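A.B. asks: Let me begin by handing over the structure; questions about it come next.
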Amino acid sequence: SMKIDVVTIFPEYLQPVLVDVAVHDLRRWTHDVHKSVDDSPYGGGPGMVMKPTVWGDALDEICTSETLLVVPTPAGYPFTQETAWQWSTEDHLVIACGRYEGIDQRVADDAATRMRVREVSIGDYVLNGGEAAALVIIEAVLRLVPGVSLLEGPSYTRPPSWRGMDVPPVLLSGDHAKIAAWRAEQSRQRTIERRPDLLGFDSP
Amino acid sequence: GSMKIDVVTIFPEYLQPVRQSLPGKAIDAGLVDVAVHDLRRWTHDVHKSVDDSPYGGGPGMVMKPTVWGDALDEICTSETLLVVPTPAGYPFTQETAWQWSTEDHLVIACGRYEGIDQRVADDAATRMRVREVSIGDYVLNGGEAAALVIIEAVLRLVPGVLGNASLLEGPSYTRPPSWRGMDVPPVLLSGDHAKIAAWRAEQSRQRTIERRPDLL
Ligand SMILES: N#Cc1c(-c2ccc3cc[nH]c3c2)n[nH]c1N
Ligand SMILES: N#Cc1c(-c2ccc3cc[nH]c3c2)n[nH]c1N
């Protein structure tokens with residue numbers, strides 16, 4: 001049993017999403033006519049920063065002391081399969097999706113005084129906001145919820161010959177030991193080629 | 001400055017946010033076109049089968065090479081960069097995103113189940129460029145969420161497409177100067193712009209040590 005609340009200024013983007021997922025429009029917690037959620041940065045720089053006031057009101061309504069507050073950010077701790085396993089047994093995730101140049105840092109800092117907060121990144125690339133990260137996190141976590149290292153080698157299915165390209169003969173041989181051995185080898189070879197860091201080697 | 005992206009998936013509805021993400025100005029200008037295709041269009045049988053049991057045994061199913069082969073034959077050309085999300089891929093990084101942002105045609109092949117018969121990529125690679133990539137060290141149900149991430153990271157680097165314009169980035173602040181007992185760091189209001197730059201550099205250094213020491 002898990003509840004996920006997602007807060008965003010683009011609730012439309014969350015449509016592709018024992019478990020309930022609710023999406024909230026951040027602008028619901030504004031009071032001005034223009035529904036402003038952003039302001040220019042202190043200290044200079046391009047772009048806009050999301051106001052802490054509006055976020056504070058939203059999270060006040062949605063969160064409890066037992067909530068795990070998830071804040072996607074390119075400067076976050078890495079979100080990995082380990083993280084997904086850890087969050088898979090949580091009762092309540094709230095995912096705060098930023099836009100513009102992100103959310104005023106005091107939102108997470110203040111939240112951390114009364115709940116657990118996790119600033120995380122889903123990978124070493126830049127997005128325009130937290131919504132795609134939210135989709136990734138939700139997918140990776142929900143598939144691990146009860147009741148729902150190395151790289152994987154290549155997989156094959158019928159026909160055994162296609163366009164003059166054959167399924168590796170060992171996979172047709174019914175020899176479980178030889179097949180397991182071949183698959184372990186294919187895995188380790190793919191890992192050293194594509195992800196040498198996983199085996200403790202320098203990256204290209 | 002212009003790019004066509006074709007996405008092939010058994011869940012075309014999943015790619016709805018991307019079409020929503022696209023400003024009319026870039027489309028009208030012919031700067032960008034994202035098309036999504038139902039893989040089942042290329043199935044051969046009345047049951048519209050896209051998957052079959054894996055050779056050598058094991059759990060799950062593998063996507064059929066015959067179906068994918070027909071789809072890619074129709075959609076791809078010699079200029080195509082074929083992108084195949086997979087947890088076993090090379091890492092997709094910002095460097096990758098910058099490279100791909102200058103391409104004219106991306107085709108993203110979204111798998112499901114235990115992925116796509118390897119001969120599809122191997123065959124495709126004999127007449128176009130193929131890139132098997134992973135967006136991170138976690139496991140998804142299929143390639144669609146990865147496609148969303150890749151499309152966003154690439155298209156935001158193409159001038160005027162999405163509307164937007166080393167160490168980790170540091171914290172950002174805006175009004176009010178004091179909020180729930182927390183003050184914006186006074187240096188940011190000091191008007192000492194060299195000092196502010198140095199402060200930001202130190203925040204970035206500390207954050208990187210704490211969160212991503214691998215980058216150091
Ligand atoms: N997680 C993650 C992210 C993001 C991201 C997250 C939130 C915001 C808010 C404004 N821009 C954002 C980018 N970019 N790249 C990642 N791996
Ligand atoms: N990229 C990427 C992926 C995936 C992914 C991609 C395609 C398929 C097809 C079946 N299962 C998949 C998982 N999982 N985790 C990642 N970083």
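Going through the structure tokens in order, the chains are called A, B, and so on, while each chain numbers its residues from 1 and the ligands are numbered from 1 in the order shown.
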Which chains and residue numbers are within 10 Å of ligand 2, counting only C-alpha atoms and all ligand atoms, if I want them as a count of residues only?
C.D. replies: 46
A.B. asks: Identify, counting only C-alpha atoms and all ligand atoms, the protein, DNA and RNA residues located within 8 Å of ligand 1, and give them as an MDAnalysis selection string.
C.D. replies: (chainID A and resid 71:76 97:103 120:134) or (chainID B and resid 153)
A.B. asks: Leaving out residue 21 (chain A) and any residue of its chain fewer than 4 positions from it, which residues lie within 10 Å of it when counting only C-alpha atoms, given as an NGL selection string?
C.D. replies: :A and (2-6 or 14 or 17 or 93-94 or 138)
A.B. asks: For chain A, which residue out of B:194, B:22, B:124, B:97 is the nearest one, using only C-alpha atoms?
C.D. replies: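 Closest to chain A, using only C-alpha atoms: B:97.
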A.B. asks: Please identify all polymer residues within 9 Å of region 165-173 of chain A, counting only C-alpha atoms, omitting same-chain residues fewer than 2 positions from it, and present them as an NGL selection string.
C.D. replies: (:A and (156-163 or 175-176 or 178-179 or 182)) or (:B and (55-57 or 119 or 122-123))
A.B. asks: Could you write out that same residue set with N, CA, C and O atoms as a compact mmCIF listing (two decimals), in the first residue's frame?
C.D. replies:
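Once everything was written out, this is again25.txt:
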# COMPACT_ATOMS: atom_id res chain seq x y z
N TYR A 156 16.90 -13.31 -27.39
CA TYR A 156 16.45 -13.77 -28.70
C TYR A 156 15.15 -14.53 -28.62
O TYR A 156 14.85 -15.16 -27.61
N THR A 157 14.38 -14.49 -29.70
CA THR A 157 13.19 -15.33 -29.80
C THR A 157 13.01 -15.78 -31.25
O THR A 157 13.88 -15.53 -32.09
N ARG A 158 11.92 -16.48 -31.56
CA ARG A 158 11.75 -17.07 -32.90
C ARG A 158 11.62 -16.02 -34.01
O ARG A 158 11.14 -14.90 -33.77
N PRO A 159 12.03 -16.35 -35.25
CA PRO A 159 12.59 -17.60 -35.78
C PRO A 159 14.07 -17.75 -35.46
O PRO A 159 14.72 -16.75 -35.17
N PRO A 160 14.60 -18.99 -35.50
CA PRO A 160 16.02 -19.21 -35.17
C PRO A 160 16.97 -18.57 -36.18
O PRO A 160 18.12 -18.29 -35.83
N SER A 161 16.50 -18.38 -37.41
CA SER A 161 17.24 -17.64 -38.43
C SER A 161 16.37 -16.53 -38.98
O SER A 161 15.23 -16.77 -39.39
N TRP A 162 16.90 -15.31 -39.00
CA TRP A 162 16.15 -14.16 -39.51
C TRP A 162 17.07 -13.22 -40.31
O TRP A 162 18.06 -12.74 -39.80
N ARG A 163 16.72 -12.99 -41.58
CA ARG A 163 17.56 -12.17 -42.47
C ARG A 163 19.01 -12.67 -42.52
O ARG A 163 19.94 -11.89 -42.68
N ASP A 175 21.18 -27.04 -23.24
CA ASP A 175 22.17 -27.30 -22.19
C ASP A 175 22.16 -26.15 -21.19
O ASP A 175 22.78 -25.12 -21.43
N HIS A 176 21.46 -26.34 -20.07
CA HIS A 176 21.25 -25.28 -19.09
C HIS A 176 22.57 -24.70 -18.57
O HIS A 176 22.69 -23.48 -18.40
N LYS A 178 25.64 -24.78 -20.08
CA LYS A 178 26.31 -24.05 -21.15
C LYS A 178 25.61 -22.71 -21.43
O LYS A 178 26.27 -21.70 -21.68
N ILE A 179 24.28 -22.72 -21.37
CA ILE A 179 23.51 -21.49 -21.57
C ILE A 179 23.77 -20.48 -20.46
O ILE A 179 23.97 -19.30 -20.73
N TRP A 182 27.27 -19.07 -20.95
CA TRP A 182 27.30 -18.14 -22.07
C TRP A 182 26.66 -16.80 -21.71
O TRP A 182 27.19 -15.74 -22.04
N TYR B 55 14.63 -17.71 -26.36
CA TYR B 55 15.51 -18.84 -26.58
C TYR B 55 16.44 -19.00 -25.39
O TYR B 55 16.97 -18.01 -24.86
N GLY B 56 16.64 -20.25 -24.97
CA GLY B 56 17.54 -20.53 -23.86
C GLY B 56 16.83 -20.46 -22.53
O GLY B 56 17.43 -20.67 -21.48
N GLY B 57 15.54 -20.17 -22.58
CA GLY B 57 14.71 -20.16 -21.39
C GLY B 57 14.82 -18.87 -20.60
O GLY B 57 15.53 -17.94 -20.97
N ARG B 119 18.85 -9.19 -32.76
CA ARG B 119 19.13 -9.14 -34.19
C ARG B 119 18.53 -7.90 -34.83
O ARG B 119 18.97 -7.48 -35.89
N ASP B 122 21.26 -5.33 -34.46
CA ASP B 122 22.42 -5.80 -35.22
C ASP B 122 22.18 -5.63 -36.72
O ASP B 122 23.06 -5.14 -37.44
N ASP B 123 20.99 -6.02 -37.19
CA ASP B 123 20.64 -5.82 -38.59
C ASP B 123 20.58 -4.33 -38.94
O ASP B 123 21.15 -3.89 -39.94
A.B. asks: Please compute the CA of residue 186 (chain B)-CA of residue 166 (chain B) distance, one decimal, in Å.
C.D. replies: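 Separating CA of residue 186 (chain B) from CA of residue 166 (chain B) is a distance of 26.1 Å.
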A.B. asks: Let's see if you can do this: from backbone DSSP, list all alpha helix (DSSP H) residues in region 169-215 of chain B, as an MDAnalysis selection string.
C.D. replies: chainID B and resid 193:211
A.B. asks: What is the CA of residue 155 (chain B) to CA of residue 27 (chain B) distance in Å?
C.D. replies: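 Value for the CA of residue 155 (chain B)-CA of residue 27 (chain B) distance: 12.4 Å.
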A.B. asks: Write out as an MDAnalysis selection string the residues lying within 6 Å of residue 50 (chain A), counting only C-alpha atoms and excluding same-chain residues fewer than 3 positions away.
C.D. replies: chainID A and resid 37:38 103:104
A.B. asks: Taking C-alpha atoms for each residue, export the selection above as a compact mmCIF listing (two decimals), in the first residue's frame.
C.D. replies:
# COMPACT_ATOMS: atom_id res chain seq x y z
CA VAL A 37 4.73 30.87 -8.74
CA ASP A 38 8.08 32.35 -9.78
CA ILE A 103 12.77 25.76 -6.30
CA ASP A 104 14.00 28.16 -3.61
A.B. asks: Just to confirm, what's the straight-line distance from CA of residue 54 (chain B) to CA of residue 183 (chain A) in Å (one decimal)?
C.D. replies: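 Pair CA of residue 54 (chain B) / CA of residue 183 (chain A) returns 12.6 Å.
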A.B. asks: Using only C-alpha atoms, determine which residues lie at most 10 Å from residue 76 (chain B), disregarding the query and same-chain residues fewer than 3 positions distant; provide the list as a list in words.
C.D. replies: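 Final neighbour list, sorted by chain and number: residues 6, 71, 72, 73, 79, 80, 81, 82, 105, 106, 107, 124, 127 and 128 of chain B.
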A.B. asks: Neighbours of residue 63 (chain A) within 12 Å (only C-alpha atoms; same-chain residues fewer than 4 positions away dropped), as a PyMOL selection string?
C.D. replies: chain A and resi 3-7+55-59+67-70+91-96+111-112+114-117
